[PDB]
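Text of work-v1.cif (mmCIF, C-alpha atoms) as supplied:
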```
data_my_file
#
loop_
_atom_site.label_atom_id
_atom_site.label_comp_id
_atom_site.auth_asym_id
_atom_site.auth_seq_id
_atom_site.Cartn_x
_atom_site.Cartn_y
_atom_site.Cartn_z
CA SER O 1 -6.41 -7.11 8.28
CA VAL O 2 -3.11 -8.68 7.18
CA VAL O 3 -5.09 -11.44 5.45
CA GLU O 4 -7.00 -9.19 3.06
CA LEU O 5 -4.04 -6.87 2.53
CA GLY O 6 -1.88 -9.78 1.44
CA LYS O 7 -4.64 -11.10 -0.79
CA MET O 8 -4.80 -7.76 -2.59
CA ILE O 9 -1.03 -7.46 -2.85
CA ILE O 10 -0.72 -10.97 -4.27
CA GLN O 11 -3.53 -10.32 -6.77
CA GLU O 12 -2.11 -7.00 -7.91
CA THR O 13 1.65 -7.73 -7.94
CA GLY O 14 2.13 -11.49 -8.01
CA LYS O 16 4.34 -11.12 -4.93
CA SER O 17 3.60 -12.06 -1.31
CA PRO O 18 3.94 -9.38 1.41
CA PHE O 19 6.42 -11.68 3.11
CA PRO O 20 9.19 -11.34 2.25
CA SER O 21 8.77 -9.03 -0.76
CA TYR O 22 7.34 -6.01 1.09
CA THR O 23 7.49 -6.69 4.85
CA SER O 24 10.88 -4.94 5.20
CA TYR O 25 11.27 -3.11 1.88
CA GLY O 26 13.16 0.18 1.89
CA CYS O 27 12.54 2.59 4.74
CA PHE O 28 8.74 2.55 5.00
CA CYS O 29 7.43 -0.89 4.08
CA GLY O 30 6.37 -2.89 7.12
CA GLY O 31 6.71 0.27 9.16
CA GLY O 32 9.00 3.27 9.53
CA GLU O 33 8.81 7.06 9.82
CA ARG O 34 12.33 8.12 8.82
CA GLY O 35 13.21 8.60 5.16
CA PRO O 36 13.65 9.53 2.48
CA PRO O 37 11.83 6.77 0.59
CA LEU O 38 14.25 4.80 -1.59
CA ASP O 39 11.92 4.63 -4.58
CA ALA O 40 8.29 4.60 -5.75
CA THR O 41 7.52 1.26 -4.07
CA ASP O 42 8.84 2.63 -0.77
CA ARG O 43 6.66 5.71 -1.26
CA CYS O 44 3.60 3.46 -1.68
CA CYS O 45 4.34 2.11 1.79
CA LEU O 46 4.83 5.61 3.17
CA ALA O 47 1.38 6.48 1.87
CA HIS O 48 0.03 3.26 3.39
CA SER O 49 1.30 4.01 6.91
CA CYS O 50 0.04 7.60 6.59
CA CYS O 51 -3.33 6.09 5.69
CA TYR O 52 -3.32 3.76 8.71
CA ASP O 53 -2.41 6.77 10.85
CA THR O 54 -5.79 8.36 10.13
CA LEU O 55 -7.36 5.22 11.64
CA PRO O 59 -6.67 5.67 15.40
CA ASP O 60 -10.03 4.19 16.43
CA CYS O 61 -9.26 1.03 14.46
CA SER O 67 -6.87 -1.92 14.39
CA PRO O 68 -5.74 -1.97 10.71
CA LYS O 69 -3.70 -5.16 11.02
CA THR O 70 -6.29 -7.25 12.84
CA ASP O 71 -9.72 -5.96 11.79
CA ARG O 72 -11.08 -8.17 9.01
CA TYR O 73 -13.17 -6.79 6.16
CA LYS O 74 -14.88 -7.87 2.97
CA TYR O 75 -14.10 -6.96 -0.61
CA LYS O 76 -14.75 -8.19 -4.12
CA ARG O 77 -13.42 -7.49 -7.58
CA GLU O 78 -15.85 -6.23 -10.20
CA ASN O 79 -14.64 -5.41 -13.70
CA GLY O 80 -11.12 -5.88 -12.38
CA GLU O 81 -11.32 -3.20 -9.69
CA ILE O 82 -11.04 -3.78 -5.95
CA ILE O 83 -14.39 -2.95 -4.39
CA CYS O 84 -14.57 -2.58 -0.62
CA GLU O 85 -17.95 -3.97 0.42
CA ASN O 86 -18.22 -2.68 4.01
CA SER O 88 -20.25 0.22 5.37
CA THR O 89 -18.95 -0.53 8.88
CA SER O 90 -16.60 2.37 9.54
CA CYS O 91 -13.21 0.84 10.36
CA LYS O 92 -13.67 -2.12 7.99
CA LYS O 93 -14.41 0.13 4.99
CA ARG O 94 -11.62 2.59 5.78
CA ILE O 95 -8.88 0.00 6.31
CA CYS O 96 -9.95 -1.69 3.08
CA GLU O 97 -9.63 1.58 1.15
CA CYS O 98 -6.15 2.04 2.63
CA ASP O 99 -5.11 -1.44 1.50
CA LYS O 100 -6.63 -1.11 -1.96
CA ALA O 101 -4.59 2.06 -2.42
CA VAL O 102 -1.31 0.43 -1.49
CA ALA O 103 -2.00 -2.75 -3.48
CA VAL O 104 -2.64 -0.78 -6.67
CA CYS O 105 0.25 1.61 -6.00
CA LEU O 106 2.73 -1.27 -5.67
CA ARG O 107 1.40 -2.65 -8.94
CA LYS O 108 1.80 0.69 -10.73
CA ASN O 109 5.41 0.93 -9.54
CA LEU O 110 6.28 -2.75 -9.91
CA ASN O 111 8.74 -2.06 -12.74
CA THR O 112 11.14 -0.33 -10.33
CA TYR O 113 10.93 -2.85 -7.48
CA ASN O 114 14.55 -3.40 -6.45
CA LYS O 115 15.57 -6.70 -4.85
CA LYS O 116 18.47 -4.87 -3.18
CA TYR O 117 15.86 -2.94 -1.16
CA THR O 118 13.83 -5.95 0.00
CA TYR O 119 15.77 -6.17 3.27
CA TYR O 120 17.04 -2.59 3.59
CA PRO O 121 18.22 -1.97 7.19
CA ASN O 122 15.85 0.42 8.97
CA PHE O 124 18.73 2.03 10.86
CA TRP O 125 20.09 3.09 7.48
CA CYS O 126 17.11 5.42 7.17
CA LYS O 127 18.36 8.63 8.72
CA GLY O 128 16.56 11.43 6.89
CA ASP O 129 13.56 13.49 8.03
CA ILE O 130 10.12 12.21 9.00
CA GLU O 131 8.05 12.21 5.81
CA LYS O 132 4.77 12.63 7.70
CA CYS O 133 2.92 11.68 4.51
#
```

Would you write out, as structure tokens, the structure that this file holds?
Amino acid sequence: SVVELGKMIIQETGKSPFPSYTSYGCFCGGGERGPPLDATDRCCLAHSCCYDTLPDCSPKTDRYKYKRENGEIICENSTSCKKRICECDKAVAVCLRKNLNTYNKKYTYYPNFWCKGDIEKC
């Protein structure tokens, strides 16, 4: 859920989802219209695409457990939805970290109605 996702994001990037990523570019916090503004925005695109393969779940409200062994995020659940959502969050947390050097503060609050390209799908 939002709790664990934020925990991962904070641990990987040093930034809090709000307000650093909740409205970033065209895809962070939600969005289907692109193109992505940069690598960070693409991480979010991938994250929503991930959540989209979880129709039987509630990604933002279903809690889950995870630990960190040898520095890596390890999703501890076997329970279907919990394990899947966790893998989706781990992926975005690490992606944002990998692309942290291009994070642009001018994109933090990018208007969503300024995103008028095609639907990226994934």

To one decimal place in Å, what is the distance between CA of residue 8 (chain O) and CA of residue 104 (chain O)?
8.4 Å

Every residue with an atom at most 9 Å from (-15.6, -11.0, 0.5) (file coordinates; only C-alpha atoms) is what I'm after, so could you write them as a VMD selection string?
chain O and resid 73 to 76 84 to 85

Output of the above residues as an mmCIF file, in the coordinates of the input, restricted to C-alpha atoms:
```cif
data_model
loop_
_atom_site.group_PDB
_atom_site.id
_atom_site.type_symbol
_atom_site.label_atom_id
_atom_site.label_comp_id
_atom_site.auth_asym_id
_atom_site.auth_seq_id
_atom_site.Cartn_x
_atom_site.Cartn_y
_atom_site.Cartn_z
ATOM 1 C CA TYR O 73 -13.170 -6.790 6.160
ATOM 2 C CA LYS O 74 -14.880 -7.870 2.970
ATOM 3 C CA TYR O 75 -14.100 -6.960 -0.610
ATOM 4 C CA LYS O 76 -14.750 -8.190 -4.120
ATOM 5 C CA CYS O 84 -14.570 -2.580 -0.620
ATOM 6 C CA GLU O 85 -17.950 -3.970 0.420
#
```

Any chance you could tabulate, as JSON lines, the residues of region 70-107 of chain O at most 12 Å from region 113-124 of chain O with each one's nearest atom pair and distance in Å to one decimal, using only C-alpha atoms, in chain and rising number order?
```
{"residue": "O:105", "atom": "CA", "partner": "O:113", "partner_atom": "CA", "distance": 11.7}
{"residue": "O:106", "atom": "CA", "partner": "O:113", "partner_atom": "CA", "distance": 8.5}
{"residue": "O:107", "atom": "CA", "partner": "O:113", "partner_atom": "CA", "distance": 9.6}
```

Counting all atoms listed in the file, which of O:79, O:16, O:102, O:91 gets nearest to residue 48 (chain O)?
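Counting all atoms listed in the file, the residue closest to residue 48 (chain O) is O:102.
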
One decimal, Å: what's the distance from CA of residue 42 (chain O) over to CA of residue 19 (chain O), could you say?
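Atom-to-atom, CA of residue 42 (chain O) to CA of residue 19 (chain O), that is 15.0 Å.
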
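You will find CA of residue 13 (chain O) at 10.3 Å from CA of residue 111 (chain O).
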
With the file shown as input, list the residues that the PyMOL selection byres ((chain O and resi 7) around 12) selects, as a list in words.
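So the PyMOL selection byres ((chain O and resi 7) around 12) ends up selecting residues 1, 2, 3, 4, 5, 6, 8, 9, 10, 11, 12, 13, 14, 16, 17, 18, 19, 73, 74, 75, 76, 77, 82, 96, 99, 100 and 103 of chain O.
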
Determine the residue set returned by the PyMOL selection byres ((chain O and resi 39) around 10) for the present structure, and present it as a PyMOL selection string.
chain O and resi 26-27+36-38+40-44+109+112-114+117

Suppose a student applies the PyMOL selection byres ((chain O and resi 67) around 12) to this structure; what residues should they get, written as a ChimeraX atom specification?
/O:1-2,52-55,59-61,68-73,90-92,94-96
